[PDB]
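K.L.:
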DNA sequence: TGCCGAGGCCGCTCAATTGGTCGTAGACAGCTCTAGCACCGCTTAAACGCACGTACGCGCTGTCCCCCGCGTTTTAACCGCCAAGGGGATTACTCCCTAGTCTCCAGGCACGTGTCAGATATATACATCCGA
DNA sequence: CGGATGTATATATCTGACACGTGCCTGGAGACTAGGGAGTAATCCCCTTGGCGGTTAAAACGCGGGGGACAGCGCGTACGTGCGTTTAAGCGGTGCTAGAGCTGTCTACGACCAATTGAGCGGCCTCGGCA
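Chains as they are written, first to last, in the UniProt record's numbering: chain A, 375 to 381; chain B, 375 to 381; chain C, 12 to 118; chain D, 12 to 118; chain E, 34 to 126; chain F, 34 to 126; chain G, 24 to 102; chain H, 23 to 102; chain I, 41 to 134; chain J, 40 to 134.
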């Protein structure tokens, strides 16, 4: 799935 | 002289 | 051409109506600007300016001075209740504060 | 004339680049709008939406639920520090508050 | 060239307090004040025109923006000044 | 005919959480959020262009507006996302 | 018409409990009523001004939203 | 440039408090005041430098400072 | 019976977990119409407009109470007071 | 001769609430400004009026904060200001 | 144990896309000169460090009175159902008000100058505080 | 009461900034045409208001008691006041060049217009997530 590098 | 009627 | 008559003279004002019209037209506010809007805006600006200047002159006279300075402007604004509401988030350079000492700190 | 390809798929996005361009053109922001501005704006909006939705879905799963509700949105926003800074003066309807009791009041 | 409101502010001061002057720092402050109020009123009028699907800014929008921005007694007198000036201008063409 | 962002928000949601729904109230809140952010950024870009005496809003104004409005790490990852989309869109003309 | 008394003491207590308050003095209710009246008057004046500028007879949720946003109190979820 | 926060001395903080109407000050106030001032200054200068960089300049100007201050609801009169 | 404070803590926990409105709708609507009477006569309202007003008012009051609690704890008390409310509003700027 | 504690303090309050000059030294403040700015961009020049604008803003902000802190101190039946008063004032203001 | 709202399936209109033309906003290069940086020497004003004492935070105790928890009776909020019309919203049509151009011309801006309001000191009369 | 210590008072005086006058040039006023934005007029139907009955959740009230608010007292330490000593801020000249500001050319980019058609909205239908 689409994830975030900020988290 | 110009004066303000609010005052 | 029957001589040029200023738009400010037609409205009985001192603030410039043509410059206000140009500023409204060039400011990206709307597609079109009506004909009475600059007159209305100039009148409102002139009224507010006169209101501030009267109080500033009174403060300067109380200070025994001939010329208005930022301290006089600040005193006038902070002592008028509605002007203080209008300009409540504004800082005036070299204006100072109002004299105020809490009652419990006095001897 | 060839096959019509949308600008959203051309830029690899999900948000409507053409609709963003029309809103920018019609919003009385400037005389002219450049070609890359709608792409940049759509990318930023999509990124922010994805962040918020990921956090809200995490909260929904933590609540043992399948559907996202305003309570989950509020929990995610108020628990993320940067999002709390960004949406500092916004009220979310039917959102509630974070559970928090001061230590002095505890027995 | 740098345009400013200095001469108009000076004229208003002359007609309010005849024997009173002003220094350059105070004149700069008054220039800032005029610019700030103009921006506030124009922004409110632009938003008002947008909210009603209108394309032009008229004196009806300026009046409504003044009623939203100025405090109680200031707004009542400002509206009186603006209405009087437009009437005098209209009966001049 | 009323237009909104509902379908695009739903597409992003399906990308992020493949098995998860959203209620209509939450969708309305997301709509409000998107409109609010759009307005903030566009206003900042317009102010920048007026400050620098330009008549065009380009991608440089958008990038500077994002840096001024978003805090900390949010701005860093947003600037990287926007730059990637512009260079990918230009390659395919 | 004396409708401010419809904001009863238990309702104020519920609001204070959601606020995390543990003990409430007996004079708080009148003060709360006054503060609420001031806030409501401030919002409703602007909402009515927007409605009047639109030449309408009905106040709308978008009027309320605009009035709230004008005071730095943005609200999500009503359009 | 290093350790320039100590130039904001104790008598200067005392003068500011006196203008603020304060009559008595504890000895731990000065460190807190220095920290608060540093945070505020960093916040303003970051935005001012962003404005300067967008215009492709090497000099920060009074207009840049004024715009940065106005962006945070701290409008200043008297500098243009 | 419980000691004074136990039921209050339980109520705090109960009301910090839900999202429903805490004021009664009909009295609130009556008050809203009464206030609007002074600005224009014969005004109609939308249900969503009244609901938005109520949500805004409740959020505002809850925030004010959480500031008043800090003001009361500062003075080494547990009970909130009108002086605490006044100090919170004065510092906020209202 | 020796005045009692508080008399000189009240005289100083009265003196400094009357004038309008800046209360911090210009060269130290300028050094501090340049040191802070060196972390965002290197080899930066400053106009003369930019530093003055920064100083005016800083001094106004600090004076207002002290005004709020004094009320916080008085609320607790005290006369001395303490760090917790500043913390409470900033927390209520939203900083 | 359901019941109703979230999601998925068609019809269709309109707004996004492709392609081509024109005009001007802005990118680049070259030149001027102002102002921002750096340094040096002198005064003296302010920062610094120390000692003494007093007054004010702060903890501890005691009294009382006022909020909280609980049981009981009164009230009106809420919910479902029904009816009637004020007004919000849309469509058609016409006219008048604003934009865009082209002449003119004077109002405002840059620049120079010459006195007077108001900063500086000095001597003085007078409140003011504090310990007798 | 009385003395030492800051307050405001009235002398003079000098300087530099404010207020005024001039030349000119660019932006505002006058006159004309053209097109579409907005102002009326009229109709539809959505939704706002008003009323009635029942049921029961919430409010109102009184009572008893304990715990928290408030006043009083004592103590020790830390902050204010004042003086001697050290430091570096402020001022006045001087030099230098980095860079902000201005001017001229000329292209690449964006507004505008016509022709197609696929993306997105409105209306229905069903079942499973949720109370």
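Ideal Cβ positions, reconstructed from N, Cα and C, are used throughout, including at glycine.
(1) Going by the CB atoms, is the gap between residue 74/H and residue 86/H shorter than 8 Å?
(2) So, is the C-beta of residue 38/D closer than 8 Å to a C-beta in chain I?
(3) Between which residues of its own chain and residue 70/H is the CB-CB distance below 7 Å, once the five residues before and five after are set aside?
(4) Interface residues of chain E around residue 89/G at Cβ under 9 Å?
(5) Closer than 8 Å, CB to CB, is residue 107/C near chain J or not?
(6) Would you list, in chain order, the members of the region 46–62 of chain D that have their beta-carbon closer than 7 Å to a beta-carbon of chain A?
(7) Mind checking who residue 85/I pairs with in its DSSP beta bridge?
(8) Does the region 66–80 of chain F come close enough to the region 90–103 of chain F to have 3 or more Cβ pairs within less than 8 Å?
(9) Output needed in chain order: residues of the region 105–128 of chain J with a Cβ under 7 Å from some Cβ in chain H.
(10) Taking its Cβ as the centre, do 16 or more other Cβ atoms sit within 10 Å of residue 15/C, making it buried, or is it exposed?
(11) Are the C-beta of residue 52/I and some C-beta of chain G separated by less than 8 Å?
(12) Counting along the chain, where does the alpha helix (DSSP H) carrying residue 34/C start and finish?
(13) Quick check: residue 36/F and residue 54/D, are their CB atoms within less than 8 Å of each other?
(14) Give the single residue among 33/C, 82/C, 95/C whose Cα lies nearest to the Cα of residue 71/E.
(15) Looking at the unbroken beta strand (DSSP E) that takes in residue 49/I, where does it start and where does it end?
(16) Can you give me, in chain order, the residues of the region 60–79 of chain G that have a beta carbon less than 7 Å from any beta carbon in chain E?
(17) Can you tell me whether residue 54/F is helix, strand or coil according to DSSP?
(18) Whole-angstrom Cβ separation of residue 106/J and residue 29/H, contact assumed at under 8 Å?
(19) Assuming residue 77/G and residue 102/G make a contact with CB atoms under 8 Å, what is their CB distance in whole Å?
(20) Taking residue 103/C as part of the alpha helix (DSSP H), name the residues at either end of that continuous run.
(21) Taking Cβ to Cβ, would you say residue 63/D is nearer than 8 Å to residue 56/F?
(22) Below 9 Å on C-beta distance, what does residue 97/F contact in chain H?
(23) Pick helix, strand or coil for residue 31/G, following the three-state DSSP scheme.
(24) Buried or exposed: residue 134/J, going by 16 or more other Cβ atoms within 10 Å of its Cβ?
(25) Can you find a C-beta in chain C that's less than 8 Å from the C-beta of residue 65/J?
(26) Taking only beta-carbon atoms, is residue 29/D less than 8 Å away from chain F?
(27) Between residue 43/C and chain E, is the shortest Cβ-Cβ distance under 8 Å, so that the two count as touching?
(28) Measure the Cβ-Cβ separation of residue 29/C and residue 89/E and say whether it is below 8 Å.
(29) How should residue 72/H be labelled, buried or exposed, when 16 other C-beta atoms within 10 angstroms of its C-beta is the threshold for buried?
(30) For residue 49/E, go through chain B and note every residue whose CB falls closer than 7 Å to its CB, in chain order.
(31) Which of the three DSSP states is assigned to residue 44/C in this structure?
(32) Return the residue from the list 26/D, 98/D, 75/D, 115/D that minimises the CA-CA distance to residue 95/G.
(33) Between residue 49/D and residue 41/F, is the Cβ-Cβ spacing less than 8 Å?
(34) Just to make sure I have the definition right: I need the residues of chain I whose C-beta is within less than 7 Å of the C-beta of residue 24/G. Which are they?
(35) Helix, strand or coil, according to DSSP, for residue 42/J in the structure here?
(36) When burial is assigned at 16 or more other CB atoms within 10 Å of the CB, is residue 93/F buried or exposed?
P.N.:
Walking through what the data contain:
(1) Yes, they are a contact pair.
(2) Interface with chain I (8 Å Cβ-Cβ cutoff): residue 38/D is excluded.
(3) Closer than 7 Å at the Cβ level, and outside the excluded window around residue 70/H, lie 82, 86, 87, 90.
(4) The answer, in chain order, is 80, 84.
(5) So, interface residue.
(6) Residues 61, 62.
(7) Beta-bridge pairing links residue 85/I to 82/G.
(8) Three or more pairs of CB atoms, one per stretch, sit closer than 8 Å, so the region 66–80 of chain F contacts the region 90–103 of chain F.
(9) Residues of the region 105–128 of chain J with a C-beta atom less than 7 Å from some C-beta of chain H are 105, 106, 109, 118, 119, 120, 121, 122, 125, listed in chain order.
(10) It is exposed - the Cβ of residue 15/C has fewer than 16 other Cβ atoms within 10 Å.
(11) Cβ-Cβ to chain G under 8 Å: yes for residue 52/I.
(12) Looking at the DSSP string, the run of the alpha helix (DSSP H) that includes residue 34/C is 28–37.
(13) For the pair residue 36/F and residue 54/D, the CB atoms are not nearer than the 8 Å cut-off.
(14) Nearest C-alpha to residue 71/E: 33/C.
(15) Residue 49/I -> not in any beta strand (DSSP E); alpha helix (DSSP H) instead, spanning 46–55.
(16) Under the 7 Å Cβ criterion, the region 60–79 of chain G contributes 69, 72, 76, 77.
(17) Of the three classes helix, strand and coil, the one that applies to residue 54/F here is strand, per DSSP.
(18) Cβ-Cβ separation between residue 106/J and residue 29/H: approximately 24 Å, too far for a contact (criterion under 8 Å).
(19) Incorrect: roughly 15 Å between the Cβ atoms, too far for contact.
(20) Unbroken run through residue 103/C is the beta strand (DSSP E), 101–103; no alpha helix (DSSP H).
(21) No, the pair does not count as a contact, with Cβ atoms beyond the cut-off.
(22) At a beta-carbon threshold of 9 Å, the residues of chain H lying near residue 97/F are 72, 73, 75, 76, ordered along the chain.
(23) Here residue 31/G carries a coil assignment [DSSP, helix/strand/coil].
(24) Residue burial is scored here from C-beta neighbours: residue 134/J has fewer than 16 other C-beta atoms within 10 angstroms and is therefore classed as exposed.
(25) No Cβ of chain C is located within less than 8 Å of the beta carbon of residue 65/J.
(26) At least 8 Å separates the CB of residue 29/D from every CB of chain F.
(27) Chain E places a beta carbon closer than 8 Å to that of residue 43/C, counting this residue as a contact.
(28) In this structure, residue 89/E does not lie closer than 8 Å to residue 29/C by Cβ.
(29) Burial call: buried.
(30) Chain B residues near residue 49/E: 375, 376.
(31) Residue 44/C sits in a strand when the DSSP states are folded into three classes.
(32) Closest by alpha carbon: 98/D.
(33) Going by C-beta atoms, residue 49/D is not nearer than 8 Å to residue 41/F.
(34) What residue 24/G touches in chain I, judged by beta-carbon distance under 7 Å, is 74, going in chain order.
(35) Of the three classes helix, strand and coil, the one that applies to residue 42/J here is coil, per DSSP.
(36) The residue is buried, with at least 16 neighbouring Cβ atoms inside 10 Å.
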